[PDB]
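Undergrad: Input: one structure, supplied below.
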Ligand SMILES: NS(=O)(=O)c1cc(NC(=O)Nc2ccc(C(F)(F)F)cc2)c(O)c([N+](=O)[O-])c1
Ligand SMILES: [Zn+2]
């Protein structure tokens with residue numbers, strides 16, 4: 001099946017998922033001079049004080065931290081959104097070197113990694129229903145640059161040894177996702193898609209202007225993970241990012257001037 005290798009990577013995905021060539025695919029390059037300031041955009045409202053993380057999983061493409069979404073515990077609202085979206089998981093995309101790794105780019109600049117906080121629209125009742133709707137998901141995207149260590153990330157870094165290979169999971173309770181946010185919540189927004197198969201075009205993307213810093217050692221630990229399962233030949237989990245797609249008939253809006 002699909003992956004990020006030479007014979008199954010993003011240039012091949014359209015054969016099994018023809019929407020790979022659709023009208024609102026992600027990620028995109030954010031051209032900061034042609035993005036449009038929109039004064040009618042509201043501030044983001046991030047309410048993560050009651051978040052309940054459950055576990056961390058190596059799913060063979062990235063690693064996911066999953067949360068309890070049976071109730072409105074950790075929600076996102078405001079910004080360009082109408083309604084309440086519940087946090088279900090977060091994951092990252094990263095590179096084999098510091099110069100690449102993010103999925104979105106800013107004026108063609110790539111960052112070392114990108115954090116994706118996935119939320120789904122509660123009016124649709126469950127995540128499976130929400131992904132079938134043009135306004136079903138809202139994903140908060142955060143860039144990582146290499147520099148100073150990010151203290152709030154270290155707990156994630158320390159458990160990666162226990163989920164080295166595909167299909168492994170570990171108990172991961174009491175993790176506070178507020179530790180991953182930058183200082184400012186200024187953002188760009190556009191309508192887009194999932195960036196992995198099935199590539200459904202169900203996402204309101206909210207991409208924060210301000211990156212967070214992580215240390216060289218922290219991102220090094222990311223690139224020790226394994227695409228393969230235990231007992232298979234080792235393939236390091238690196239460069240699990242999809243390249244920028246054509247913007248086509250879309251406009252990037254900015255919350256800031
Ligand atoms: N980069 S991203 O788009 O934000 C992104 C999304 C997911 N998760 C899913 O896509 N789940 C899912 C989607 C549809 C169905 C359905 F509807 F088919 F059942 C079932 C499950 C993910 O695991 C990663 N990742 O890399 O770990 C990245
Ligand atoms: Zn993602």
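Here the Cβ positions follow ideal geometry from the backbone for every residue, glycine too, while neighbour counts run over all protein chains shown. Rule-based calculations on the coordinates, nothing more; no lab input.
Undergrad: Using a 10 Å cut-off around each Cβ, can you sort 116, 1 from fewest to most neighbouring Cβ atoms? Intermediate results must be reported in sequence, preceding the final value.
TA: Working: 116 21, 1 6.
Fewest-to-most Cβ neighbours within 10 Å comes out as 1, 116.
Undergrad: Here's a follow-up. Who wins for biggest fluctuation among 19, 56, 142 in a Gaussian network model of the chain, springs between alpha carbons below 10 Å?
TA: The residue that fluctuates most here is 19.
Undergrad: Could you state the principal axis extents of the C-alpha atoms in the range 95-168, from the largest down, to the nearest angstrom?
TA: 40, 37, 23
Undergrad: Defining a contact as two alpha carbons under 8 Å apart and six or more residues distant in sequence, what relative contact order in percent does the chain show? Write out the running numbers ahead of the final one.
TA: Working: 624 pairs, mean separation 68.7, N = 257.
The normalised contact order for the chain reaches 27 percent.
Undergrad: On the first, second and third principal axes, largest extent first, how far apart are the outermost C-alpha atoms of the chain in Å?
TA: In descending order, the Cα extents are 53, 41, 38 Å.
Undergrad: Treat the count of other C-beta atoms within 10 Å as a stand-in for reagent exposure and order 172, 67 from fewest to most. Please list the in-between numbers first.
TA: Details: 172 20, 67 25.
Fewest-to-most Cβ neighbours within 10 Å comes out as 172, 67.
Undergrad: Tell me, what is the percent relative contact order of the range 33-133, built from C-alpha pairs under 8 Å that lie six or more residues apart?
TA: Values: 178 pairs, mean separation 20.5, N = 101.
About 20 percent, as a whole number.
Undergrad: Rank the residues 123, 108, 257 as a footprinting-exposure proxy: fewest other Cβ atoms within 10 Å of their Cβ go first.
TA: Details: 123 14, 108 9, 257 6.
Ranking 123, 108, 257 by Cβ neighbours within 10 Å, fewest first, gives 257, 108, 123.
Undergrad: Now for a different question. Please report the relative contact order for the range 168-210, taking Cα pairs under 8 Å with a sequence separation of at least 6, and give it as a percent rounded to a whole number.
TA: Values: 43 pairs, mean separation 15.8, N = 43.
The normalised contact order for the range 168-210 reaches 37 percent.
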